[PDB]
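**Q** One structure coming up, written as structure tokens, with questions to follow.
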Amino acid sequence: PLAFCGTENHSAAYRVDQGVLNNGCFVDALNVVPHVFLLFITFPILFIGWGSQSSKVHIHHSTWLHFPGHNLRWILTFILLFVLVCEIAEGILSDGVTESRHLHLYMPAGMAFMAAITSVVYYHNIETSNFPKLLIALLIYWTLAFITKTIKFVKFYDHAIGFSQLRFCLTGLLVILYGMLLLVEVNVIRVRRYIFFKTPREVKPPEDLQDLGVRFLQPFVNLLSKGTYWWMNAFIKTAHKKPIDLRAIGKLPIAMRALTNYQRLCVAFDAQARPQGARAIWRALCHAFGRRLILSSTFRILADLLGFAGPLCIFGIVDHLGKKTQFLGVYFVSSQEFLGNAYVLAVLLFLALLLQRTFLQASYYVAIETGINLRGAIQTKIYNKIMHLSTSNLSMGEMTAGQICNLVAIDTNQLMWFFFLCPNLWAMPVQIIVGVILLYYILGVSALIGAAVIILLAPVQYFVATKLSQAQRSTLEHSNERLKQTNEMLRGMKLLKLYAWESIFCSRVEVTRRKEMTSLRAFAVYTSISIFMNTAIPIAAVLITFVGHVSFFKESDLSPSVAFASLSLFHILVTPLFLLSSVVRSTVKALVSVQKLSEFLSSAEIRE
Amino acid sequence: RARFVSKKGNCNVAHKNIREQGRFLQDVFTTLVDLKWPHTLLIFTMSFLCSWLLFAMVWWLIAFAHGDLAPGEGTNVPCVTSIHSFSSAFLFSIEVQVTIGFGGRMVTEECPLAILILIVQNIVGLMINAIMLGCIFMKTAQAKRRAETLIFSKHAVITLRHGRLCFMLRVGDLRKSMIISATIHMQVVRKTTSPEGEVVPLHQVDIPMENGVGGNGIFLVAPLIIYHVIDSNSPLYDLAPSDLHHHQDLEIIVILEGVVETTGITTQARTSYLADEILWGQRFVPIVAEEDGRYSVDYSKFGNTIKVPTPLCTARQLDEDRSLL
Amino acid sequence: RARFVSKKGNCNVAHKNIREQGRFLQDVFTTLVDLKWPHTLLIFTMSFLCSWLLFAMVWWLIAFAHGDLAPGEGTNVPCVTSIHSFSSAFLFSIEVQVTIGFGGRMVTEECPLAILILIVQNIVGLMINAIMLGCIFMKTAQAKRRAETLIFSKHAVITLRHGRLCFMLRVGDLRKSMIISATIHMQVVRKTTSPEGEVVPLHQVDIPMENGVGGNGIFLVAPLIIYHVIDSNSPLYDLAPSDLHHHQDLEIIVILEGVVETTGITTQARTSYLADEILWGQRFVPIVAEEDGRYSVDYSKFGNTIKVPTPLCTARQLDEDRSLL
Amino acid sequence: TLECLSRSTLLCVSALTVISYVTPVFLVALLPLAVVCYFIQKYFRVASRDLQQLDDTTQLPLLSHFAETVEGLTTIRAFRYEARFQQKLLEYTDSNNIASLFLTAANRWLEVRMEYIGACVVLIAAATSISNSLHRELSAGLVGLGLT
Ligand SMILES: CC1(NC2=NS(=O)(=O)c3sc(Cl)cc3N2)CC1
């Protein structure tokens, strides 16, 4: 009972007559060894260093620096945890065939999972405490792990397992990940020579985290706390006990300061000149902030690719609910049998959903941070134009002070929200292409008919979008005049009351508002047309596919797996089309804002 | 307001923003001794249990490598006899390290690696035994518990002895056993500001105890009244009975540093007095009286004081009135 | 220039040309305790391993002398049962000395020399156990590691307190646990020459700490500013801010001698300040502030000083200017 | 916002009703998540209400700093106070930007928590539906309904 290898053929798996390394159970125990070594080294060191804190003495590192390969190490650790979860699942699936329970299939992988979690906790505590000489133990562990896994892989090569078996692929992936983490440790030794080899290099912590008193720790936290926003937690706690003020919020980091983004935008404009206009402003914004926009678009692209793991998992799960090789004395599970399953697909769907949501929130945060830096740079440039402006611009009716203040209060906000919405527009066509390809893979020619039904209303969609853009241009044009007339009525209200001219100027503001409401009525009519079109396109497409899949074509049965996976794919593909009116409104408000910003920046100045 | 030292001797100062962590990593023994009792019990259990488990895994892997776990065939000398599973290796590791040695499971001469692992396990077990038993005995023999039986009066007193307006206390010992070379260190903690402009938030200025030899040594068989004469050099030279309320900066701490006679380890007993706990015009009652054949100390009257006619002027004003007369 | 004491307390003095070696031969225990950790681990392993090997050779020679190693004949009582080779004698010596006693190999009553060797091995094993475990525990419980958690400010300061131009410091404790009967010994090390012509290369003249009672005792809950008033009796009476560069003979060392409350073993923390590390016209900032219900010590500002208007005259010239006014 | 809110708040209740129909045991696990959500809405809403207000009260001295700069442009440039007022703009812009950044990161904190709860909803519903279809027959078509 509870033997490490099951008591089959009178415990023939414990015989080492052929070879000590030619026994899978012994190689599994050798794989158990480095995880036990890492736990037994790390637990007293972690308990002494960070568990000896008391209520009277609290030890806090207000400043920290990151080791080289930090992002790579956290990514490799996450991939290691994923592959070890898959190895636990494969070992449980392989052990379920046999009558006795073979503990060597899943207990080494569970011990490895615990060791990987313990190693990343050890690395984070070391990194936030800056003790590079304590990384040696991690180095030893990775070396030991790599060696043991290499032995397993080599023995799997000697018995000719092959790539049809999933445990061979997981063993090779584990060898690759352990070697990559060993190379990361060697890179840490090379860049920072903490070991007894010449003079070590002190990176020194960044100055904004050092003594600037910043409390926005998002550039300075690790990828787990950068993606889950864990550092915010204390703020969310302290807002219960004390109200959040401008002292609890610190100072801006140097990369996020208004002067830094303003100088970056000035460098972009100078690179353009070596002036103004809307197109040059757009290219200057591209040169200054498009790298961060590409980073947010990459996170959104990865989230879109992992969003298709939903419908594919539904396909596999429902297909299994609608319904082998002995090797070295232990049953193996192929990749088709592993990915077939049902609970394995649920676990993979859960992990893919977690990764997709983390990537999507990272994309949203990077886009909004880029928009806020853009707002700071644009406000600084507007004010620098104001300090170099001529009063003859305001004195001859070319511009009014309300319009100059609305360049900050309104137009910069519109450009900022369009910079929020930019990565979704950049990453939409990749999602559309992969969704149509997966629809064809699940359905076939019926999905081509449904995609043709979607495509056949694209000229109507473009016509509605152009009409919406014209209506919103008219709305902005009338709203600026209405705000100007309302401002001049409110500032001179006493004269209007004394002369009894309040109703006349109110009627003029009503006339301008009536023109604005005509433009808004046109926008709302075409918005209702767009919403009805983008909500009847999925219904008509789903109906035409699921009628043509049985009445017209006889290639395959309908089945719940194909139908519900295609339903999920159709819903995912038509979800970005729901917000077409908001997208075109934000885009045309950005275009108007950039155009009048270019008109203001190319105005008259005071000669030296 | 915050209290620097509690009446039971607990120091309320919180240490924060400690950037240097490697001082604690170099000092492992002091981290191990100063843990709480459940934490030291947990570490004492876990160190022995982990050593048994680790060497058990080594013994099990050795018996696996020799084919001892396989029940097939026979008449082969194992590395360790009667090792059949992980439980057998765990029991054998316990028998080796605690040196019980039942001998149903016994090392043999066939495997030299078994002999090497036996040597390594014995050396590691001796080291763990020495360190852990010494840690537990040093924690039990700590001198913090002896300071619990040292008591101080709850209210400090200010009265007139030989016309000098002394600040009096009362210490006491609840133990038959003595305290060797007992010394008394009294300090006054405030927020004194220098004339140049330096503000020290917890400025501790020590006050002399009137010993009689100009030293700190006391003899603590019976409860003693410990009096600091408030003179021109005293920090309390301008202290008034119009002071001594709760919202007053004054604190006075008394430290009894001694050696426990029975263990030889030095102990420290602390007790602080706030301003509202210093009574003006009061005096400690006598508590020691001659018994049937010896002296008896009435500890029920230990904190008892009585009203005594004392001038309400400060020591400055009392000295000026003495100089005028 | 050379440094007498490092900032971490390491004393850089090298002892050479020691003709007397028999002092070290008489003092074996201090040589054994003061070895490095790999050397003490090596000696701890080698003493037990050599005792096991030596008594193993004795047991093997006894079993050879009795004919127990010969497999010929039978029904003869051996001195020790199941002794067949040197490995059997080594396992049996390990079983005897560590008192495991598996009992597959067991002393018999046939040979009195086996009983005598068993007695001698048990006595030698008890002695080696006592000496080695006590050495390892005294090395682990050493008070040098407690001095790591005692910190000193990196820069000493000279400013004006009550118009006396004091030399100030800052000590600090990173531990919740107290230090019992803590004393401060400050010295000034130079190359002072007597008027007769005697040159002392490392002349240490101690300077008094302004305690308030004329003693050395301090109370170390919170970080303290330790100030020596530079008066006419001070060695720094002629010290100038035109001095205090790197190529200056002045060194000032601070020694914190205490008793660890948790172990009872006295500890010594040292920190020296060169001339360039003494700042003129600067003052330590306050780091202790009232927390939510207690006092909090901001250790991030521990070494922080600010510029303060201080006279650039020496204490001689300041005293002469005071006497002129 | 009204159209988006109607679509979201009705697809949520429709989906919870559908999963409750195909798997009633999900209702047992519907209670703790609704507890956890509540606690998250307890902790976020106090913070966000501060961070919104602090974002608004930092926007007023920024915008007003433009309003006095344009009307007093001759006066500011006559005193040669252009650099001082540009530095004042840098201070105001930094205050408003970091208030907006803390509001943004608080929103991302809340959305990470809520999306992880949604992933837990998918995992729990999948476990219940798959265990049913292997134990108590769901015709293998209601499972696709519940997962979708
Ligand atoms: C919300 C979900 N159900 C759904 N989405 S849909 O693609 O809008 C569409 S169209 C049509 Cl006909 C029937 C359906 N059913 C579950 C995805």
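Numbering starts fresh at 1 for the residues of each chain in the structure tokens, the chains themselves are lettered A, B, ... in the order given, and ligands are numbered from 1 as they appear.
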Set the cut-off to 10 Å, count only C-alpha atoms and all ligand atoms, and list whatever residues fall near ligand 1 as a VMD selection string.
**A** (chain A and resid 534 to 546 564 to 575) or (chain D and resid 7 11 to 12 14 to 15 18 144 to 148)
**Q** I'd like the contact shell of residue C:322 - 12 Å cut-off, only C-alpha atoms, skipping same-chain residues fewer than 3 positions apart - returned as a list in words.
**A**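 Selected residues are residues 163, 164, 313, 315, 316, 317, 318, 319 and 325 of chain C.
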**Q** Can you spit out the residues from that selection as a PDB file, in the first residue's frame, using N, CA, C and O atoms?
**A**
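That gives us out18.pdb:
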ATOM      1  N   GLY C 163      27.225  75.620  24.657  1.00  0.00           N
ATOM      2  CA  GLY C 163      28.438  76.398  24.476  1.00  0.00           C
ATOM      3  C   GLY C 163      29.726  75.701  24.855  1.00  0.00           C
ATOM      4  O   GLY C 163      30.660  76.365  25.317  1.00  0.00           O
ATOM      5  N   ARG C 164      29.818  74.383  24.654  1.00  0.00           N
ATOM      6  CA  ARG C 164      30.991  73.632  25.084  1.00  0.00           C
ATOM      7  C   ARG C 164      31.697  72.862  23.975  1.00  0.00           C
ATOM      8  O   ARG C 164      32.741  72.256  24.253  1.00  0.00           O
ATOM      9  N   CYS C 313      36.702  78.250  15.551  1.00  0.00           N
ATOM     10  CA  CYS C 313      37.808  78.297  16.487  1.00  0.00           C
ATOM     11  C   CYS C 313      37.885  76.992  17.274  1.00  0.00           C
ATOM     12  O   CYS C 313      36.907  76.250  17.399  1.00  0.00           O
ATOM     13  N   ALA C 315      38.595  74.793  20.876  1.00  0.00           N
ATOM     14  CA  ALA C 315      38.057  74.952  22.222  1.00  0.00           C
ATOM     15  C   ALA C 315      38.951  75.834  23.087  1.00  0.00           C
ATOM     16  O   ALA C 315      38.452  76.511  23.995  1.00  0.00           O
ATOM     17  N   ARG C 316      40.261  75.851  22.809  1.00  0.00           N
ATOM     18  CA  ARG C 316      41.153  76.821  23.441  1.00  0.00           C
ATOM     19  C   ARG C 316      40.769  78.245  23.064  1.00  0.00           C
ATOM     20  O   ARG C 316      40.610  79.110  23.934  1.00  0.00           O
ATOM     21  N   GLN C 317      40.608  78.501  21.762  1.00  0.00           N
ATOM     22  CA  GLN C 317      40.270  79.842  21.295  1.00  0.00           C
ATOM     23  C   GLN C 317      38.851  80.234  21.686  1.00  0.00           C
ATOM     24  O   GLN C 317      38.602  81.405  21.994  1.00  0.00           O
ATOM     25  N   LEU C 318      37.920  79.273  21.701  1.00  0.00           N
ATOM     26  CA  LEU C 318      36.563  79.550  22.169  1.00  0.00           C
ATOM     27  C   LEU C 318      36.548  79.890  23.655  1.00  0.00           C
ATOM     28  O   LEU C 318      35.830  80.805  24.078  1.00  0.00           O
ATOM     29  N   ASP C 319      37.343  79.174  24.459  1.00  0.00           N
ATOM     30  CA  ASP C 319      37.436  79.478  25.885  1.00  0.00           C
ATOM     31  C   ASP C 319      38.098  80.832  26.122  1.00  0.00           C
ATOM     32  O   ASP C 319      37.700  81.571  27.030  1.00  0.00           O
ATOM     33  N   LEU C 325      35.224  88.065  26.913  1.00  0.00           N
ATOM     34  CA  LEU C 325      33.914  88.698  27.011  1.00  0.00           C
ATOM     35  C   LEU C 325      33.403  88.683  28.449  1.00  0.00           C
ATOM     36  O   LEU C 325      33.982  88.029  29.316  1.00  0.00           O
TER      37      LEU C 325
END
**Q** So, with only C-alpha atoms as the atoms that count, which of B:302, B:37, B:48, B:227 lies closest to residue B:126?
**A** B:48
**Q** Hey, what does DSSP flag as alpha helix (DSSP H) within stretch 536-586 of chain A? Can you give it to me as number ranges by chain?
**A** A: 536-547, 560-574, 580-586
**Q** Next, dump the selected residues to file, keeping only N, CA, C and O atoms, as a compact mmCIF listing (two decimals), in the first residue's frame.
**A**
# COMPACT_ATOMS: atom_id res chain seq x y z
N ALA A 536 -27.39 42.18 -35.18
CA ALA A 536 -28.08 41.27 -36.09
C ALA A 536 -27.14 40.51 -37.01
O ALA A 536 -27.52 39.44 -37.51
N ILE A 537 -25.94 41.05 -37.26
CA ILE A 537 -24.90 40.28 -37.94
C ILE A 537 -24.53 38.98 -37.22
O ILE A 537 -24.43 37.94 -37.90
N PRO A 538 -24.31 38.94 -35.88
CA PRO A 538 -24.05 37.62 -35.26
C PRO A 538 -25.22 36.67 -35.33
O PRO A 538 -25.01 35.47 -35.55
N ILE A 539 -26.45 37.17 -35.18
CA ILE A 539 -27.63 36.31 -35.20
C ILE A 539 -27.84 35.72 -36.59
O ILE A 539 -28.04 34.51 -36.75
N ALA A 540 -27.76 36.57 -37.63
CA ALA A 540 -27.90 36.10 -39.00
C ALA A 540 -26.76 35.18 -39.41
O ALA A 540 -26.99 34.18 -40.09
N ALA A 541 -25.53 35.48 -38.97
CA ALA A 541 -24.39 34.63 -39.29
C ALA A 541 -24.51 33.26 -38.63
O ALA A 541 -24.29 32.24 -39.29
N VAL A 542 -24.90 33.22 -37.35
CA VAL A 542 -25.07 31.96 -36.63
C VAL A 542 -26.20 31.14 -37.25
O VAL A 542 -26.07 29.92 -37.45
N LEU A 543 -27.31 31.80 -37.61
CA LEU A 543 -28.44 31.13 -38.23
C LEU A 543 -28.08 30.54 -39.59
O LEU A 543 -28.40 29.39 -39.89
N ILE A 544 -27.38 31.32 -40.43
CA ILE A 544 -27.04 30.87 -41.77
C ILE A 544 -26.00 29.76 -41.73
O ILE A 544 -26.08 28.79 -42.51
N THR A 545 -25.03 29.84 -40.80
CA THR A 545 -24.08 28.74 -40.61
C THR A 545 -24.79 27.47 -40.16
O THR A 545 -24.63 26.41 -40.78
N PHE A 546 -25.61 27.55 -39.11
CA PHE A 546 -26.19 26.34 -38.54
C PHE A 546 -27.35 25.79 -39.36
O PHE A 546 -27.76 24.65 -39.12
N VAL A 547 -27.88 26.55 -40.31
CA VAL A 547 -28.80 25.98 -41.29
C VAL A 547 -28.04 25.37 -42.46
O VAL A 547 -28.34 24.26 -42.89
N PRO A 560 -22.84 19.04 -30.36
CA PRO A 560 -22.80 20.18 -29.43
C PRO A 560 -21.43 20.83 -29.33
O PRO A 560 -21.36 22.04 -29.09
N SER A 561 -20.35 20.06 -29.53
CA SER A 561 -19.00 20.61 -29.40
C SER A 561 -18.71 21.63 -30.49
O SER A 561 -18.30 22.76 -30.19
N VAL A 562 -18.96 21.27 -31.75
CA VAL A 562 -18.73 22.16 -32.89
C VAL A 562 -19.63 23.39 -32.79
O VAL A 562 -19.17 24.52 -32.96
N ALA A 563 -20.91 23.18 -32.47
CA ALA A 563 -21.88 24.27 -32.43
C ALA A 563 -21.57 25.26 -31.32
O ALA A 563 -21.57 26.47 -31.55
N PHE A 564 -21.27 24.77 -30.11
CA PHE A 564 -21.02 25.71 -29.02
C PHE A 564 -19.63 26.34 -29.09
O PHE A 564 -19.47 27.50 -28.69
N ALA A 565 -18.63 25.62 -29.63
CA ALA A 565 -17.33 26.24 -29.86
C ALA A 565 -17.43 27.34 -30.92
O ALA A 565 -16.83 28.41 -30.77
N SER A 566 -18.20 27.10 -31.99
CA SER A 566 -18.42 28.13 -32.99
C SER A 566 -19.25 29.28 -32.46
O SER A 566 -19.05 30.43 -32.87
N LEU A 567 -20.18 29.00 -31.53
CA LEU A 567 -20.94 30.07 -30.89
C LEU A 567 -20.04 30.97 -30.06
O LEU A 567 -20.15 32.21 -30.12
N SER A 568 -19.12 30.37 -29.30
CA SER A 568 -18.15 31.14 -28.53
C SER A 568 -17.22 31.95 -29.43
O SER A 568 -16.93 33.11 -29.15
N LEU A 569 -16.77 31.34 -30.54
CA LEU A 569 -15.90 32.04 -31.49
C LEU A 569 -16.62 33.21 -32.15
O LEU A 569 -16.03 34.29 -32.32
N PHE A 570 -17.89 33.02 -32.53
CA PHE A 570 -18.68 34.09 -33.13
C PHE A 570 -18.88 35.24 -32.15
O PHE A 570 -18.73 36.40 -32.53
N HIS A 571 -19.19 34.92 -30.88
CA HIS A 571 -19.38 35.97 -29.88
C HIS A 571 -18.09 36.74 -29.62
O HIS A 571 -18.11 37.98 -29.51
N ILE A 572 -16.95 36.03 -29.54
CA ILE A 572 -15.66 36.68 -29.33
C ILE A 572 -15.30 37.58 -30.51
O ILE A 572 -14.82 38.70 -30.33
N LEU A 573 -15.57 37.12 -31.74
CA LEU A 573 -15.25 37.93 -32.91
C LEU A 573 -16.16 39.14 -33.05
O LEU A 573 -15.71 40.19 -33.53
N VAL A 574 -17.43 39.05 -32.63
CA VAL A 574 -18.33 40.19 -32.79
C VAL A 574 -18.36 41.13 -31.59
O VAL A 574 -19.01 42.18 -31.67
N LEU A 580 -18.43 50.19 -32.15
CA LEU A 580 -17.98 50.92 -33.33
C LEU A 580 -18.29 52.41 -33.24
O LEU A 580 -17.48 53.24 -33.65
N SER A 581 -19.47 52.75 -32.70
CA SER A 581 -19.85 54.16 -32.56
C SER A 581 -18.95 54.89 -31.58
O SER A 581 -18.50 56.01 -31.86
N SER A 582 -18.63 54.26 -30.44
CA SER A 582 -17.72 54.87 -29.48
C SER A 582 -16.31 54.98 -30.04
O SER A 582 -15.62 55.98 -29.80
N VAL A 583 -15.87 53.97 -30.80
CA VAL A 583 -14.54 53.99 -31.40
C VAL A 583 -14.42 55.11 -32.43
O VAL A 583 -13.45 55.88 -32.42
N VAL A 584 -15.42 55.25 -33.30
CA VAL A 584 -15.35 56.29 -34.33
C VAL A 584 -15.52 57.68 -33.71
O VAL A 584 -14.89 58.64 -34.17
N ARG A 585 -16.31 57.79 -32.62
CA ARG A 585 -16.45 59.07 -31.93
C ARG A 585 -15.14 59.50 -31.29
O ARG A 585 -14.71 60.65 -31.43
N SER A 586 -14.47 58.56 -30.60
CA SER A 586 -13.18 58.86 -29.97
C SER A 586 -12.11 59.18 -31.00
O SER A 586 -11.31 60.11 -30.80
**Q** If you run DSSP on this backbone, which residues of stretch 38-255 of chain B come out as strand (DSSP E or B), and could you give them as a compact mmCIF listing (two decimals) with C-alpha atoms, in the first residue's frame?
**A**
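Just written: part-v5.txt:
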# COMPACT_ATOMS: atom_id res chain seq x y z
CA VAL B 80 20.91 -2.25 6.00
CA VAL B 107 24.03 -1.41 8.99
CA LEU B 150 11.54 41.94 41.28
CA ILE B 151 8.86 44.52 42.04
CA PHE B 152 8.75 48.31 42.13
CA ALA B 156 6.94 57.29 42.99
CA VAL B 157 7.08 59.83 45.80
CA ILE B 158 8.60 63.27 46.39
CA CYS B 166 14.24 63.98 47.55
CA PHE B 167 12.56 61.85 44.88
CA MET B 168 11.93 58.47 46.53
CA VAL B 171 12.14 48.38 45.18
CA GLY B 172 11.38 44.89 46.44
CA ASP B 173 12.32 41.25 45.97
CA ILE B 179 20.79 39.10 43.70
CA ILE B 180 24.55 39.47 43.39
CA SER B 181 26.12 42.94 42.86
CA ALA B 182 22.79 44.69 42.37
CA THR B 183 23.04 48.17 40.83
CA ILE B 184 20.42 50.88 40.30
CA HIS B 185 20.44 53.17 37.25
CA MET B 186 17.83 55.94 37.32
CA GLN B 187 17.23 58.17 34.29
CA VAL B 188 14.92 61.04 33.36
CA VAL B 189 13.56 60.92 29.81
CA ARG B 190 12.16 64.10 28.25
CA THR B 193 16.14 71.27 23.69
CA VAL B 199 15.83 68.84 19.87
CA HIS B 203 16.75 62.66 25.89
CA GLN B 204 17.79 60.44 28.81
CA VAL B 205 19.66 62.30 31.57
CA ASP B 206 20.66 59.98 34.39
CA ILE B 207 20.11 61.03 38.01
CA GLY B 217 25.46 49.15 44.49
CA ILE B 218 22.50 48.15 46.66
CA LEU B 224 14.56 49.63 50.05
CA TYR B 227 15.95 58.38 46.93
CA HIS B 228 17.61 60.80 44.52
CA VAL B 229 18.34 64.10 46.26
CA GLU B 251 9.33 60.35 32.58
CA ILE B 252 11.62 58.71 35.16
CA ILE B 253 12.90 55.15 34.61
CA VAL B 254 14.59 52.89 37.17
CA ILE B 255 16.80 49.98 36.06
**Q** Counting only C-alpha atoms, what is within 10 Å of residue A:109, bar same-chain residues fewer than 6 positions away, as a VMD selection string?
**A** chain A and resid 28 31 to 32 35 81 83 to 91 115
**Q** Counting only C-alpha atoms, collect the residues of chain A whose closest atom lies at most 9 Å from chain B, and write them out as a ChimeraX atom specification.
**A** /A:3-4,10-17,20,26,29-30,33,36-37,40,44-45,48-49,52,54-63,129,131
**Q** Skipping near chain neighbours, those fewer than 4 positions away, what residues fall within 6 Å of stretch 595-603 of chain A using only C-alpha atoms, listed as a VMD selection string?
**A** chain A and resid 276 to 278
**Q** Within 8 Å of residue A:215, counting only C-alpha atoms, which residues show up once you throw out same-chain ones fewer than 2 positions away? Write them as a ChimeraX atom specification, please.
**A** /A:213,217,248-251
**Q** Take the selection from the previous step and output its residues with C-alpha atoms, as a CSV table (one decimal), in the first residue's frame.
**A**
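Saved the output as again-v4.csv:
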chain,number,residue,atom,x,y,z
A,213,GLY,CA,9.9,59.8,-1.8
A,217,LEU,CA,6.0,51.4,-7.0
A,248,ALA,CA,-0.1,59.4,1.0
A,249,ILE,CA,0.4,59.7,-2.8
A,250,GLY,CA,4.1,60.4,-3.4
A,251,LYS,CA,5.9,62.1,-6.2
**Q** So that I can see what lies close to residue B:116, please list as an MDAnalysis selection string the residues with an atom at most 12 Å from it, counting only C-alpha atoms and leaving out residues fewer than 4 positions away in the same chain.
**A** (chainID B and resid 55 58:59 62 79 107:109 111:112 120:123) or (chainID C and resid 49 87 90:91 94)
**Q** Select, as number ranges by chain, those residues of chain C with any atom no more than 8 Å from chain B (distances computed using only C-alpha atoms).
**A** C: 45, 49, 87-88, 91, 98-104, 133-134, 136-137, 140-141, 145-146, 148-149, 160-162, 174, 176-177, 180-181, 211-213, 221-222, 259, 261-264, 286, 288-291, 293-300
**Q** For chain D, work out the contacting residues on chain A at 6 Å, counting only C-alpha atoms, and write them as a list in words.
**A**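 Those within range of chain D come out as residues 229, 236, 239, 244, 252, 321, 322, 350, 353, 560 and 564 of chain A.
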**Q** Neighbouring residues of stretch 381-391 of chain A were defined as those with any atom within 6 Å, considering only C-alpha atoms; residues of the same chain fewer than 6 positions away were excluded. Please report them as a ChimeraX atom specification.
**A** /A:604-606
**Q** By how many Å are atom CA of residue A:402 and atom CA of residue A:483 apart?
**A**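 Atom-to-atom, atom CA of residue A:402 and atom CA of residue A:483 are spaced 8.3 Å apart.
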**Q** In Å, how far is it from atom CA of residue B:155 to atom CA of residue C:210?
**A** 29.5 Å
**Q** Report the distance between atom CA of residue B:10 and atom CA of residue B:277 in Å, rounded to one decimal place.
**A**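 For atom CA of residue B:10 relative to atom CA of residue B:277, the distance reads 17.3 Å.
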